[PDB]
Novice: 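Questions regarding the structure given below will be posed in turn.
The figures that follow rest on heavy atoms only: side chains count, while hydrogens, waters and symmetry mates do not. Throughout, a chain's letter reflects where its sequence line sits, starting with A, and its residues are numbered from 1.
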Amino acid sequence: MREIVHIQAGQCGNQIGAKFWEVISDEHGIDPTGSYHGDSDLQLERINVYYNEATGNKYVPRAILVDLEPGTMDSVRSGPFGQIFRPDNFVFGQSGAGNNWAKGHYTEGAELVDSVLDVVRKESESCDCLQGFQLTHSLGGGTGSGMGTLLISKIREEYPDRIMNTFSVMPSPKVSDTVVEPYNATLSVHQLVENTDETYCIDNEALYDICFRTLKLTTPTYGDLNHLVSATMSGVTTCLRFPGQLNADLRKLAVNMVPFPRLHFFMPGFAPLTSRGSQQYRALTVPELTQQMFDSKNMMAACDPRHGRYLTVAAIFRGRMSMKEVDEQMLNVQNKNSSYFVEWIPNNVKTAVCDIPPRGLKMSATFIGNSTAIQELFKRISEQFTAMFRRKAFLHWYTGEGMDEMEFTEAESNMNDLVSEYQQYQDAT
Amino acid sequence: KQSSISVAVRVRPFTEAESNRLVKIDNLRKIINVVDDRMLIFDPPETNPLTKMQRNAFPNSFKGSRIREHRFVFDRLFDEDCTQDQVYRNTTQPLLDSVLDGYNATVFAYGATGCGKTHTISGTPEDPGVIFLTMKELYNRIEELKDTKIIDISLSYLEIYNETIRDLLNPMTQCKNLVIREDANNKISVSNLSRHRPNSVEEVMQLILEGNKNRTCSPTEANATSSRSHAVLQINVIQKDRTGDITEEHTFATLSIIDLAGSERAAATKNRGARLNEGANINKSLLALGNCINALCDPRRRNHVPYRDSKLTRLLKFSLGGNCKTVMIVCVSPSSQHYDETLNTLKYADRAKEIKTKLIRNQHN
Amino acid sequence: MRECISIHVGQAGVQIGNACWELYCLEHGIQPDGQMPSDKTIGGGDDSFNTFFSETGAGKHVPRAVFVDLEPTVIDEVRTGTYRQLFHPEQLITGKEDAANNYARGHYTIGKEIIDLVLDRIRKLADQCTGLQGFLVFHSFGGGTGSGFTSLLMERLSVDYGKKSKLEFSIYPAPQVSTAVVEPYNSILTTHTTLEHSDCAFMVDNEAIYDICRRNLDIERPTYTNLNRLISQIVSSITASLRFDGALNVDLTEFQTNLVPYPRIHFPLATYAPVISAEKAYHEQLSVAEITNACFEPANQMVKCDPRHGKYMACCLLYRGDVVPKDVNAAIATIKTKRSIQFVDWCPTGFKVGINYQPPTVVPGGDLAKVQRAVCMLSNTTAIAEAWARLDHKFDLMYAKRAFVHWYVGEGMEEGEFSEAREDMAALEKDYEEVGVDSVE
Ligand SMILES: CC(=O)O[C@H]1C(=O)[C@@]2(C)[C@H]([C@H](OC(=O)c3ccccc3)[C@]3(O)C[C@H](OC(=O)[C@H](O)[C@@H](NC(=O)c4ccccc4)c4ccccc4)C(C)=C1C3(C)C)[C@]1(OC(C)=O)CO[C@@H]1C[C@@H]2O
Ligand SMILES: Nc1nc2c(ncn2[C@@H]2O[C@H](COP(=O)(O)OP(=O)(O)OP(=O)(O)O)[C@@H](O)[C@H]2O)c(=O)[nH]1
Ligand SMILES: Nc1nc2c(ncn2[C@@H]2O[C@H](COP(=O)(O)OP(=O)(O)O)[C@@H](O)[C@H]2O)c(=O)[nH]1
Ligand SMILES: Nc1ncnc2c1ncn2[C@@H]1O[C@H](COP(=O)(O)OP(=O)(O)O)[C@@H](O)[C@H]1O
Ligand SMILES: [Mg+2]
Ligand SMILES: [Mg+2]
């Protein structure tokens, strides 16, 4: 029985996690009280992947909620599903990290990491077999970046042979939400490349573009962005907890999509996505699902695949459908778009099919891409980083917390090396 | 100015059991024929009379076996009967002369498990290896240069185990506090190493023995004392003049001696659990090293050499990147039972002969 | 008295086994609960033959099968399905984790800690067999379990049971269609470690069966159920001679004797000619000659190759139903006059014939028509060399970059083994090139 321990760090991680637990609890028919009231019997046979049984057929999420600002924890508690979370898994401090990576990694996070790891050890050692961890956080903020990377490092030390799944919100290209975003993002990426098996890069502007352009939403609050991300996170692990014609767990996706150890930053997507009015004009079939799925405008990372080449993509379908259609479509996409796939991997598409669609849909699909275009992310950050690091724009807030300039230089060099590797595999034969 | 990476090959002698089986069968087979100092033949023909008799009436209808031997050329070859002094004189003494002249140098051992790398480098008390001879000759030449130059040695000794760095001369230092950080000029600069200062042969050999005692080692059924870590020894030699007219002629160099853990074959091994996990990490590190060799050889891949795939390749970055004379000691076991692995250890070595580097004399002050 | 043990490895093997045992239960009148109601009419009769089903005192019939997938999902679908009461509860899962499309995991790391249990169950099942003939292993190239654990199991069975026939039904990777990017590595390593242990490997391709379903059966959107039903029909045709009377019987040891000239070329293709819908079952005679001609059409082959690019080394035609030997003789004589169908000079005999009285069953909910005669063909050709070479080229295109190789060395494998496997595959190609050459004297 494969089990996942879910860790939520920072405000962004906590909001995404709250929406995700809403989605998963609805998927398995778990009510806000923790009791089951669903219909299908397939909802219980793999409830152990995310939930533990407590007393009265009450199911408690295997979640660990982490922050340094107490307000997020109160917001989670007072929400619709605040009463299903275990009270002892709410680990939180007093003063935030100050949008400072060093405070959340060395000064403030270091004082709270022990309690979080105690809870992690309690949850992880209470499983027949742990499949891995998944962490939801944000780069470009103090608590999320610092505590998430510290926890990832220490869990990797304790659990070197388990999967690590980082769903992270990266800095956006046009508008920033923190002045010191490049420093935190660079140090976070430096820690992530050495201590994660697969990272799902998310960008807020891509989600805004999807909501406005595809869903025709004019007020896309963070609830809707969390909705989209939550659909993706549910799609990734669908074959772990439902039967299918062709299964695929997290480790299989990591094996098939990571050709080289350091190139494990992915570009997610989800289909179908339609407006409330335009649904009735669209026939939902696999040819339309794959058409929306591979569209550059449906990606969640704000990086155009068409500026690079796909090293490897993975498509996870949900619903009753034929295998011939999926195979023929994943062959036609490669044949027609052969310029956007590396030619030294003969088959760049991993396929998985699950028989249980989402609750209100007859068919769905989740995209996870691995392409060289992701370098356009890192390069941008690197540029901004050096633009601040040449003049030492804000370094006294970090060196004042005990950091050395060698850490900054090493992070910059590592990110530049990653960019160089991606460029090498883009331009190759 | 160019300098090629020299490759010496050493063939270990048979064990007592293997020697007994092979001698009885010959009266099991030796598959490495060392025909010249720079030339060996791998799986030579006409060493199996039954195969000769069968193939003399079987005109290439089917293969069932090798059809043509492999022919290998290296810088120097050592047979089963070589001793430690012959290896030392022709593999690393010029490197010590270079480090005392002002040019960085490294010697490192590679091969399959149980081929005699720790024997070559560390040796045994009754048969000292490369390190003992090198330090002895270094301190002797220091005594020769006394009252003419001032020579300072700084010694560092670490190990790579499961992609974690440990200081062999300062235990209880946490793995979390030993990290590799490249500065603005791409210098390795491992953090929090002891950097000891010996001043005699007795002190340096005692220090090195204490370091060797802290290496990770356990039985794995290939040999009762199997190294499970990549051991790196660095000797910084710094030369000052006694005249008092101190100028840029002040010199400083590094001699590196590296013992690599061996590749474990999967088809023929009985190591289950933590030993297998350690072998997996060792194999990952050696694969990363091989990728670095292939990238350095191929002009088309010069845009990126994957040094960061493992800590071993990062610590070996200085050697292959520039300003260092490199020697590779490739250790092999000459038996049919180890036909497969040996071939790879030869084949990789062949590619490694095509790496070239630029050497610049060091100056200071 | 006669019997054979079926082994189903991986998801593909398990699902093919579901189809196969559904077909067997319908053929022999076994209900899903294991009871045979035909005893209520003919008490003590023999409608359920003990080649596949062991009988207990209560009248329950237990299939002689072993299921393994290193993952609980697929077997758990069986334990809570309609055939939960048929199989013995020892359906084996070491699914605390799967192989993740990794040969090393299913052979070296997680393939252990289940192998002893599986061989213990196989030993227990064989100890009930008074006259075991051989094993039918169902697996797939390209998966983790189906490659690695199948190779390990074949290696152990070759020692435990020695000269005992081991026939394999394997899903070959398609030339174009695939569901994983590491299929070449798994397939090459599997073949390298399996050549010295199997006796005959029957091969099918999902792309070819998709084409067959699209063209002949008028199914635009087939799932794996249709493919598994066709494979089940082929397996039933092969094993019919052990169960029902016939004019010409074929034992399991006959296939390896007739279809395998040399030890290393034991890779025949399988096909099933009268694949037809109920609507198209009318408008045609479906005589012996027509079906035998359909066997040799390249379009109807279930491995995406063309026999016209090579030479036939051996052919085995298994007939079922209302078939007269004179018609089979005339059909094969007609085939031998075609210039498009070449045979190697070192085999002027070519054909083996088997004939059985029992016609195939309808499998309600299926797609095949109720034909009153049918033919299966097992043909060893040199054209399969092409199907090897493509994989080898694909392997090279990855191995030159060492793409995905770290996932394999991270589970205890040495890099050089990859090269060693590829070299063994080169020799295999050359063997085919040496086998299909005109002799001279
Ligand atoms: C015709 C009908 O029944 O209404 C649909 C609907 O109109 C559409 C537009 C839905 C609707 O989604 C949205 O309006 C939306 C808004 C912001 C961000 C994302 C979505 C829907 O809300 C979403 C809802 O989806 C689900 O119920 C899925 O199971 C989904 N559930 C949740 O996310 C969920 C949210 C809160 C509480 C509990 C569950 C899911 C998706 C993936 C994985 C697991 C679960 C559905 C079918 C609809 C509405 C209700 C209008 C869509 O939803 C998804 C992501 O499947 C948006 O495009 C799809 C396609 C649908 O046609
Ligand atoms: N014909 C047919 N092929 C199948 C079926 N199920 C899976 N396959 C094929 O099996 C191949 C891969 O095998 P997997 O599905 O991964 O099963 P496996 O060998 O156990 O691999 P793991 O699940 O990783 O252990 C794919 O190419 C599929 O097309 C099936 O029901 N019928
Ligand atoms: N998707 C999503 N992103 C968010 C949300 N709230 C904040 N963010 C992002 O998180 C970043 C701010 O980091 P934050 O978590 O607030 O810092 P912290 O509280 O100190 O950990 C910004 O770049 C925001 O774009 C949210 O509800 N959803
Ligand atoms: N040239 C040699 N002469 C004598 N013994 C040798 C020689 N090479 C290897 N050995 C023997 O092999 C054994 C194990 O070799 P070792 O060097 O530990 O393997 P590895 O190179 O994998 O560390 C030692 O006990 C040593 O005596
Ligand atoms: Mg050693
Ligand atoms: Mg499986």
Side-chain angles (χ1 to χ4, degrees), chain A residues 1-6 20-31 33-63 84 123 126-132 134 233-252 316-320 352-361 364 366, chain C residues 8 10-11 14-15 17-18 32 67-98 100 145 224-225:
Chain A
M1 42 210 270
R2 289 77 54 86
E3 301 198 3
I4 293 163
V5 174
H6 175 77
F20 166 69
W21 284 115
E22 217 189 330
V23 169
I24 294 295
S25 295
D26 165 278
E27 198 162 315
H28 291 275
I30 304 301
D31 278 351
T33 326
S35 64
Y36 173 110
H37 282 127
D39 39 34
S40 175
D41 42 275
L42 298 172
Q43 294 175 305
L44 295 139
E45 106 184 318
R46 297 287 188 274
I47 199 76
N48 84 64
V49 178
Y50 285 121
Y51 293 86
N52 296 313
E53 259 196 85
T55 60
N57 300 310
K58 250 190 71 95
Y59 296 94
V60 181
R62 194 178 299 105
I84 62 166
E123 280 310 7
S126 147
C127 321
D128 308 59
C129 190
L130 181 68
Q131 160 92 339
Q134 69 179 23
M233 306 174 30
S234 151
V236 157
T237 61
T238 181
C239 289
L240 231 50
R241 60 190 193 275
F242 288 111
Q245 291 171 74
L246 185 66
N247 293 311
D249 57 334
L250 292 168
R251 195 181 296 279
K252 193 183 289 195
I316 313 202
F317 288 88
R318 299 182 64 168
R320 296 276 176 192
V353 180
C354 177
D355 287 351
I356 307 302
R359 286 280 322 279
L361 299 172
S364 147
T366 298
Chain C
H8 302 284
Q11 176 158 35
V14 168
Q15 290 169 338
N18 288 344
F67 291 68
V68 296
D69 55 357
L70 311 182
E71 185 209 344
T73 322
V74 199
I75 306 300
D76 283 349
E77 258 187 299
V78 179
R79 288 175 177 177
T80 80
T82 61
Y83 296 102
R84 72 190 104 79
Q85 270 180 288
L86 182 67
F87 298 100
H88 195 288
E90 302 291 345
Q91 297 175 61
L92 321 164
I93 293 103
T94 13
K96 289 191 173 302
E97 245 187 4
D98 67 358
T145 304
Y224 283 151
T225 299

Novice: Ignoring hydrogens, what is the shortest heavy-atom contact between A:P243 and C:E77? Give both atom names and the distance.
Specialist: CB-CD, 3.8 Å

Novice: Taking only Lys NZ, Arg NE, NH1 and NH2, and the carboxylate oxygens of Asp or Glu, determine whether C:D76 and C:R79 approach each other closer than 4.0 Å.
Specialist: yes

Novice: Considering non-hydrogen atoms only, spot the tightest contact between A:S25 and A:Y51 and give its length.
Specialist: OG-OH, 2.6 Å

Novice: For A:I84 and A:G34, work out which heavy atoms get closest and say how close.
Specialist: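 It is CG2-N, 3.6 Å.
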
Novice: What distance separates A:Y59 OH from A:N48 CG, expressed to the nearest 0.5 Å?
Specialist: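 One gets 10.0 Å once the value is rounded to the nearest 0.5 Å.
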
Novice: Near A:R320 CZ, under 6.0 Å, is it more than 12 heavy atoms from other residues, nucleotides or ligands?
Specialist: no

Novice: Taking the side chain as every heavy atom from C-beta outward, state whether A:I47 and A:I30 have any atom pair closer than 4.5 Å.
Specialist: yes

Novice: Can you find a heavy atom in the side chain of C:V78 that is under 4.5 Å from one in the side chain of C:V14?
Specialist: yes

Novice: side-chain contact (heavy atoms from CB on, under 4.5 Å) for A:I316 and A:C354? Distances and angles first, verdict last.
Specialist: CA-CA 8 Å; A:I316 313 202; A:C354 177; 5.7 Å; no

Novice: Just how far is it from atom CG of A:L130 to atom CZ of A:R2, taken to the nearest 0.5 Å?
Specialist: 12.5 Å

Novice: Taking the six-membered ring for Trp, are C:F67 and C:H8 parallel (under 30°), tilted (30 to 60°) or perpendicular (over 60°)?
Specialist: tilted

Novice: Which heavy atom of A:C239 sits nearest a heavy atom of A:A248, and at what distance?
Specialist: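 What the structure gives for the nearest pair is CB-O, 3.4 Å.
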
Novice: Just by distance, no angles: are the side chains of C:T145 and C:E71 close enough, under 3.5 Å, to form a donor-acceptor pair?
Specialist: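 Result is no, nothing qualifies.
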
Novice: In this structure, which one of A:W21, A:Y50, A:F242 forms a ring pair (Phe, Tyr, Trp, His ring centres under 6.0 Å) with A:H28?
Specialist: A:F242

Novice: What is the distance from atom CG of C:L70 to atom OG1 of C:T94, rounded to the nearest 0.5 Å?
Specialist: 4.5 Å

Novice: Using only atom types and a distance under 3.5 Å, with no angle test, would you say the side chain of C:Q11 pairs donor to acceptor with the backbone of A:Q245?
Specialist: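 Such a contact is found between C:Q11 side chain and A:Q245 backbone.
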
Novice: Going from CE on A:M1 to CD1 on C:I93, what distance comes out if it is rounded to the nearest 0.5 angstrom?
Specialist: 14.0 Å

Novice: Mind listing the closest non-hydrogen atom pair of C:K96 and A:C129 along with its distance?
Specialist: O-SG, 3.5 Å

Novice: To the nearest 0.5 Å, what is the distance between CD (A:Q131) and OG1 (A:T237)?
Specialist: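 Here the interatomic distance stands at 9.5 Å.
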
Novice: For the residue pair C:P72 and C:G95, what are the closest heavy atoms and their distance?
Specialist: CD-O, 3.4 Å

Novice: Do the rings of A:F20 and A:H6 sit parallel, tilted or perpendicular, given the 30° and 60° boundaries?
Specialist: tilted

Novice: Going by the side chain to side chain contact (heavy atoms under 4.5 Å, CB included) test, name the single residue among A:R46, A:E45, A:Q43 that passes it with A:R241.
Specialist: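 Between A:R241 and the candidates, side chain to side chain contact (heavy atoms under 4.5 Å, CB included) is satisfied uniquely by A:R46.
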
Novice: So how far is it from A:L240 CG to C:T73 OG1, rounded to the nearest 0.5 Å?
Specialist: 7.5 Å

Novice: Test your reading of the model: is there a side-chain donor-acceptor pair from A:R318 to the backbone of A:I356, 3.5 Å cut-off?
Specialist: yes

Novice: Could you check whether any side-chain heavy atom of A:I4 comes within less than 4.5 Å of a side-chain heavy atom of A:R62, counting everything from C-beta outward?
Specialist: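 Sidechains of A:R62 and A:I4: no contact.
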
Novice: Apply side-chain contact (heavy atoms from CB on, under 4.5 Å) to residues A:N52 and A:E123 and explain how you reach the verdict.
Specialist: CA-CA 10 Å; A:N52 296 313; A:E123 280 310 7; 3.4 Å; yes

Novice: So does A:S35 get a backbone contact from the side chain of A:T33, meaning a donor-acceptor N/O pair under 3.5 Å?
Specialist: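 The answer is no, because no donor-acceptor pair under 3.5 Å joins these two groups.
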
Novice: Hey, mind stepping through A:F317 and A:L246 against side-chain contact (heavy atoms from CB on, under 4.5 Å) and telling me if it holds?
Specialist: CA-CA 10 Å; A:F317 288 88; A:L246 185 66; over 6 Å; no

